[PDB]
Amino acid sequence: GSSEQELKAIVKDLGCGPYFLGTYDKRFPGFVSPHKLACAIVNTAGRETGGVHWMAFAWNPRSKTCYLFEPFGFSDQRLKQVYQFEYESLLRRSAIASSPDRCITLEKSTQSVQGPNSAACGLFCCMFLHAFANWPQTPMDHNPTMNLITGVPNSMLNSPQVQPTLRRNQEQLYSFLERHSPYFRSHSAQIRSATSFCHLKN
C-alpha cells in the first residue's frame, strides 16, 4: 500500500497543506479546530502494527461537519468487525473542542470506490482531501474531483458486475494523480505497483 511519507507528499502537492494535520494511527484524538478547516489521514490500526488501512477525516467549522471518507464505505459495525476500528471518541472530542453547541454533522461515505484486492486506499484518501480543500461544503460528490469516480453500493463490493467500475475508478485516480502531483509523477511506476488493483493477489 502507501507509506505515510508518500501520502504526506501527495497531500502537499494537491494543495491541502494549509489544512492538513498529518498522518496518524487509529489513536488520532479528533479535531481541536473551532475556527479553521482541518483534515487528516488516519490508519484503522495502531502504529505498533505497521499499519493496515487508510481513511480520511475532515473538518468544516462553518457547517460544523466532520467528514469520514473510508474507500470501501463500510458501515460503522463493519469498520469495527473488519478493521477493529471505532471513532466514537474522535467524534465526541471533535464536537466538544470545535462546535459552539457541542453538535456536529457526521457525513460519511456509504459506497466503495475501491476494489476488494486493491491497495490504493491511501491514494483514494488524497483525492478526497483534494476535493475537501477546494469544495469543503461538498467533498463527497458533485465536485470536479469526486465526479471522476463512481461509488458502488458497499453490499456489491465483491460482485463481479461492479469490478470493471471499481477498476476504472482506479485508473481515473492514477490519471488524476499524474496531472496534479509532482511526487506521484516521479514515483509513478513504484506507487502503481505497491497500490495496484490486484495487489492483494500477489
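Just count from 1 along the sequence shown to find any residue number. Take the two forms, superpose them, and find the largest set of C-alpha atoms that agree within 1.5 Å; that set is the rigid core.
RMS Cα deviation from the shown model in 5 other deposited structures of this protein, rigid core fit, is larger for 71-79 than for the other stretch of the pair 119-127 / 71-79.
Core-fitted comparison in 5 other deposited structures of this protein shows that, between 87-95 and 104-112, the CA atoms farther from the shown form belong to 87-95. 99-107 and 123-131 differ in mean CA B-factor, and the higher of the two is recorded for 99-107.
Looking at mean Cα B-factors across 21-29 and 188-196, the upper value is held by 188-196. Per-chain ranking of the deposited C-alpha B factor places residue 70 in the lowest third. When the CA B factors of the chain's modelled residues are split into thirds, the value for residue 42 lands in the lowest one. For residue 56, the recorded CA temperature factor ranks within the lowest third of the chain's modelled residues. In this PDB entry, the Cα temperature factor of residue 167 sits in the bottom third of its chain's modelled residues, the lowest group. Residue 117: CA B factor lies in the middle third for its chain, per the PDB record.
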